[PDB]
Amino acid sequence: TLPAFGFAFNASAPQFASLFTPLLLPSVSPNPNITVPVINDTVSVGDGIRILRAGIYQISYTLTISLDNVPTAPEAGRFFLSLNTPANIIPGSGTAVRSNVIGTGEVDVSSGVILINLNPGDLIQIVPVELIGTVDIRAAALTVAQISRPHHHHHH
């Protein structure tokens, strides 16, 4: 039997960040040649990944932000991964972008890899928790993969 996993991403539909509003992740099919859903025993709900199987899971994400200091400066954001509800942020999952010294252009940020116990129905999402100016998100991607079955629970 296969590990549970999913990969949901945006590489085509820019979005403006909004405080505690999960980022839109409309695609699950990253292979440009053999284009198939990279999903097993998870569900992509358009703005995140829902867990169906209890277990220990690695979760992580990336964003691309277009920085131009327009219409206002500076343009800055802080993002986390959330469990179930947007304010329910997960430690270790911070990313941050600021236009103050980098200047202009697309900037890419990547979270670390968090290991966390998840249960059926758990919803993982990327949420902005602080914003200054208009944050133009040109790409985002959420990665969920099952490291192991529960290590203290028979079914959990």
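Each residue number is its position in the shown sequence, starting from 1.
For the segment pair 30-38 and 98-106, the entry gives 98-106 the higher mean B-factor, averaged over Cα atoms. Averaged over Cα atoms, the B-factor as recorded in the entry is higher for 62-70 than for the other of 112-120 and 62-70. Looking at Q146, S12, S18, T143, the one whose CA carries the top B-factor in the deposited record is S12. Per the PDB record, residue ranking by Cα B-factor puts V135 in the middle third of the chain.
Ranked against the other modelled residues of its chain, the C-alpha B-factor of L52 as given in the entry falls in the highest third. When the modelled residues of the chain are ordered by C-alpha B-factor, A8 sits in the lowest third.
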